[PDB]
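Visitor: Before I ask anything, let me first share the structure, which is written out below as structure tokens.
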There are 2 protein chains.
Amino acid sequence: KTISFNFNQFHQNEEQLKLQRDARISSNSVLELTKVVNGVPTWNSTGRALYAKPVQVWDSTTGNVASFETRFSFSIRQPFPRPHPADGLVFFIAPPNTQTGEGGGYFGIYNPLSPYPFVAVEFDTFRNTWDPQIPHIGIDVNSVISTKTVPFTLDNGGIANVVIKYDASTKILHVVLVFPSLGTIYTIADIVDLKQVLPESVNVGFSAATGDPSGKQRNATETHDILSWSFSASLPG
Amino acid sequence: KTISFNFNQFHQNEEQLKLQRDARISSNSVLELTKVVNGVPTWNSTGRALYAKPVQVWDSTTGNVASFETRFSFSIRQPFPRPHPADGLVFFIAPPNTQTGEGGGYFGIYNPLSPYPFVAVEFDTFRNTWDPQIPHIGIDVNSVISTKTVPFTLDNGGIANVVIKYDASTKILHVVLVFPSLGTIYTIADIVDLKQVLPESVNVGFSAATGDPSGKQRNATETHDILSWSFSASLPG
Ligand SMILES: *[C@@H]1O[C@H](CO)[C@@H](O[C@@H]2O[C@H](CO)[C@@H](O)[C@H](O)[C@H]2NC(C)=O)[C@H](O[C@@H]2O[C@@H](C)[C@@H](O)[C@@H](O)[C@@H]2O)[C@H]1NC(C)=O
Ligand SMILES: *[C@@H]1O[C@H](CO)[C@@H](O[C@@H]2O[C@H](CO)[C@@H](O)[C@H](O)[C@H]2NC(C)=O)[C@H](O[C@@H]2O[C@@H](C)[C@@H](O)[C@@H](O)[C@@H]2O)[C@H]1NC(C)=O
Ligand SMILES: *[C@@H]1O[C@H](CO)[C@@H](O)[C@H](O[C@@H]2O[C@@H](C)[C@@H](O)[C@@H](O)[C@@H]2O)[C@H]1NC(C)=O
Ligand SMILES: *[C@@H]1O[C@H](CO)[C@@H](O)[C@H](O[C@@H]2O[C@@H](C)[C@@H](O)[C@@H](O)[C@@H]2O)[C@H]1NC(C)=O
Ligand SMILES: OC[C@H]1O[C@H](OC[C@H]2O[C@@H](O)[C@H](O)[C@@H](O)[C@@H]2O)[C@H](O)[C@@H](O)[C@H]1O
Ligand SMILES: OC[C@H]1O[C@H](OC[C@H]2O[C@@H](O)[C@H](O)[C@@H](O)[C@@H]2O)[C@H](O)[C@@H](O)[C@H]1O
Ligand SMILES: [Ca+2]
Ligand SMILES: [Ca+2]
Ligand SMILES: [Mn+2]
Ligand SMILES: [Mn+2]
């Protein structure tokens, strides 16, 4: 029961996507998760983008869980080096029809006053009390406190290619981050049992957030643009 | 406990390498695993390169197994498209002081008359009776019949960047293959328990092989050059 799709660019007001909060599609077709005005990224911003149709990751009847592969390119430009950019972006899987969560270090996927389960791969740029040095790739399950973490050096404003893959048979979720201009490769993997954390049908998308006002630092910001995206899932049941 | 090494290029008569059979270091500093004469790759060739000192992947005392990361660049040039190039190169871990094994589809690591255990990541270019379509990346444990396999399109004579990583905690062995000139990314991962297949101390290196004479095809050949190599392992024990 293979479901797939592929965006090589985002057309003005896509009918296939659900934009939430600050998330919007620029004129030259890039998906801007967080707010940016007159070419400058703003603080206190939060946006999500979900694929309109829900996907089935597992079937209670057969018991089978799906295997999927997703690839996307993103770009994070950090105009203000000091004191520290924030907060990063995540690719995530959550239950259908959920609301944007807390911003800042929560990327907009975690909501303390009404937590919903989720699996996410984060590209963290700000170091919270629970974070290892940044920037880092992290694998998150129901929490923003990563199970596994790996550090990476960002290519400011450059392009990044990400490949996230999940094998239902081995339950291995491996992610690859490549910065073509620098020729650097970062890899990370962990075991995650989707069947054990998520409902049969879920939503897949991105979420990002800039510096929280409580930090009292307007320079705590950056862009979180998604250039293209393809997803593919195969449920044998 | 940490051991590591890096090779930005290879020197003629490198003291920390162990060249075996056809393996030799070219003047312009590349490591040629298989024979190549007058700029042309020969058939019936087999060569290996091992890191001189042995590495400890696990400690029987504490029971701890090591985590390691290795990165290398290689290049495979296929001068003769038809009838078929052969056979490929592999990165491998084996017991200390082993002799080159059978050539051809065995890459020089498997010896039917005296099989020794080994873990290897293969870059297979010839399709044997036990192979899926080629070329393909495969994860091998004690056998040349891969546990997991993924197909990839080679960049003839181009450069390839490989990243192999192993987490002792999850027992996940993930490999990434990137062809910078084409911008393609191939990923594969599987669970391997080193402690269960290998001795406490091992040797790490490369091995490659060109077409076997029994195939009666001199065009069954290609180059197997390693351009650079870095290795790092950690044993909390
Ligand atoms: C917020 O980012 C601004 C641009 O990155 C910083 O301003 C720049 O600061 C440089 C030295 O830090 C200075 O040479 C530049 O001329 C100046 N450029 C701009 C766009 O004003 C700013 O730095 C601090 O605050 C500003 C207002 C100045 O007073 C600087 O001297 C300060 O270092 C950054 N502010 C923060 C939150 O640190
Ligand atoms: C082994 O590789 C050789 C070099 O690529 C092949 O020769 C080339 O074959 C082409 C077609 O296969 C032909 O257009 C080229 O002119 C030729 N190049 C030269 C001068 O060597 C060789 O091909 C065999 O020999 C040629 C003359 C034809 O009879 C082909 O049909 C033959 O396959 C390759 N031999 C094998 C075993 O495939
Ligand atoms: C962060 O964004 C929210 C939503 O756009 C704004 O309401 C915040 O503005 C501040 O709070 C509101 C209620 C209002 O009092 C306004 O004047 C405040 O500036 C904004 N936070 C900040 C501090 O910019
Ligand atoms: C393949 O290479 C090995 C070692 O490099 C040779 O020993 C093989 O055999 C030798 O060459 C053949 C032609 C024959 O003369 C034999 O007596 C030699 O031992 C070689 N095989 C081939 C076909 O080249
Ligand atoms: O300013 C950006 C930052 O603000 C929030 O947290 C501020 C943070 O400041 C640090 O210096 C302190 O150590 C820490 O305790 C405070 O929480 C926000 O949580 C963070 O994600 C980011 O927006
Ligand atoms: O030609 C190079 C090739 O030689 C051996 O395999 C030959 C192969 O020929 C096929 O036609 C048959 O179907 C198969 O049974 C034979 O094995 C060698 O084993 C292989 O790795 C490669 O070098
Ligand atoms: Ca953070
Ligand atoms: Ca083969
Ligand atoms: Mn984090
Ligand atoms: Mn194979």
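Don't worry about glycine lacking a Cβ; one is built from the backbone with ideal geometry, like all the others, and counts go over all protein chains shown. The numbers here are math on the coordinates, done by the rules we state, and not lab data.
Visitor: How well do other chains shield peptide A:160-166, expressed as the mean number of their Cβ atoms within 10 Å of each residue Cβ?
Guide: 2
Visitor: Rounded to two decimals, what is Rg over Rh for segment A:59-123 when you use alpha-carbon atoms and the Kirkwood radius?
Guide: Rg/Rh: 1.08.
Visitor: Could you give the distance between the Cα centres of segment A:98-114 and segment B:1-62, to the whole Å?
Guide: 51
Visitor: Can you figure out the FRET efficiency of A:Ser234 with B:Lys1, using R₀ = 45 Å and their beta-carbon distance, to the nearest 0.05? Provide the component values of the computation, followed by the final result.
Guide: Details: r = 42 Å, r/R0 = 0.94.
About 0.60, to the nearest 0.05.
Visitor: Additional query: What does the C-alpha gyration tensor say about the overall shape of segment A:131-237? Classify as rounded when a/c is under 1.5, otherwise prolate if a/b is larger than b/c, or oblate.
Guide: It is prolate, given that a/c is not under 1.5 and a/b is the larger ratio.
Visitor: Rounded, prolate or oblate for the protein assembly as shown? Axes are the square roots of the Cα gyration tensor eigenvalues, ordered a ≥ b ≥ c, and the cut-off for rounded is a/c under 1.5. Each step should come with its number before you reach the end.
Guide: Details: a/c = 1.90, a/b = 1.89, b/c = 1.01.
Here the protein assembly as shown falls in the prolate category.
Visitor: Please get the size of the charge dipole for segment A:105-237, origin at its Cα centre, with Cβ charges of +1 on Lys and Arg and -1 on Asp and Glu, quoted in debye to the nearest 20.
Guide: Result for segment A:105-237 is approximately 80 debye, rounded to the nearest 20.
Visitor: If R0 is 56 Å, what FRET efficiency do you get for A:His11 and B:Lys53 from their C-beta distance, rounded to 0.05? Before the final figure, lay out each step's value.
Guide: On the way: r = 58 Å, r/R0 = 1.03.
Rounded to the nearest 0.05, the efficiency is 0.45.
Visitor: Something else: Based on the alpha carbon coordinates of chain B, what radius of gyration and maximum Cα-Cα distance (Dmax) apply, in Å?
Guide: 16.7, 54
Visitor: While we're looking at this one, here's another question. List, in the order given, every pair from A:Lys53/A:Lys195; A:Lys165/B:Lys165; A:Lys1/A:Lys148; A:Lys171/B:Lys1 whose Cα-Cα distance in the structure shown is over 27 Å.
Guide: Working: A:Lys53/A:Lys195 20 Å; A:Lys165/B:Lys165 16 Å; A:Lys1/A:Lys148 31 Å; A:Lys171/B:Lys1 30 Å.
Exceeds cut-off: A:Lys1/A:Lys148; A:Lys171/B:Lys1.
Visitor: Counting helices only, and only those DSSP H runs with n ≥ 4, report the 222 nm mean residue ellipticity of chain A as the sum of -39,500 (n - 2.57) divided by its residues, in deg cm²/dmol to the nearest 500. Working shown, then result.
Guide: Numbers: 1 runs with 4 residues, N = 237.
Taking each H run of at least 4 residues, the total per residue is 0 deg cm²/dmol.
Visitor: Mind running the shape call on segment A:76-178? Use the C-alpha gyration tensor, a ≥ b ≥ c as the square roots of the eigenvalues: rounded below 1.5 for a/c, prolate if a/b tops b/c, oblate otherwise. Walk me through the numbers on the way to the answer.
Guide: Details: a/c = 1.82, a/b = 1.19, b/c = 1.52.
Judged from the Cα gyration tensor, segment A:76-178 comes out oblate (a/c at least 1.5, b/c at or above a/b).
Visitor: Continuing with the same structure: Using all C-alpha to C-alpha distances in segment B:145-196, build P(r) with 5 Å bins and read off the rounded percent in each one.
Guide: All Cα pairs, binned at 5 Å, distribute as 5, 18, 25, 20, 15, 10, 6, 2 percent.
Visitor: In addition: For an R0 of 56 angstrom, estimate the FRET efficiency from the Cβ-Cβ distance between B:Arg82 and A:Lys18 and round to the nearest 0.05. Each step should come with its number before you reach the end.
Guide: Values: r = 52 Å, r/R0 = 0.92.
Between B:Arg82 and A:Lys18 the formula returns 0.60.
Visitor: Which whole number gives the average, over all residues in B:95-105, of C-beta atoms from other chains lying within 10 Å of the residue C-beta? Write out the running numbers ahead of the final one.
Guide: Working: counts 0, 0, 0, 0, 0, 0, 0, 0, 0, 0, 0.
The shielding value for this peptide is 0.
Visitor: Ordered shortest first, which distances in nm separate the 7 Å Cα→C-beta label point of B:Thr42 from those of the other copies?
Guide: Here the equivalent label points are 7.1 nm apart from this one.
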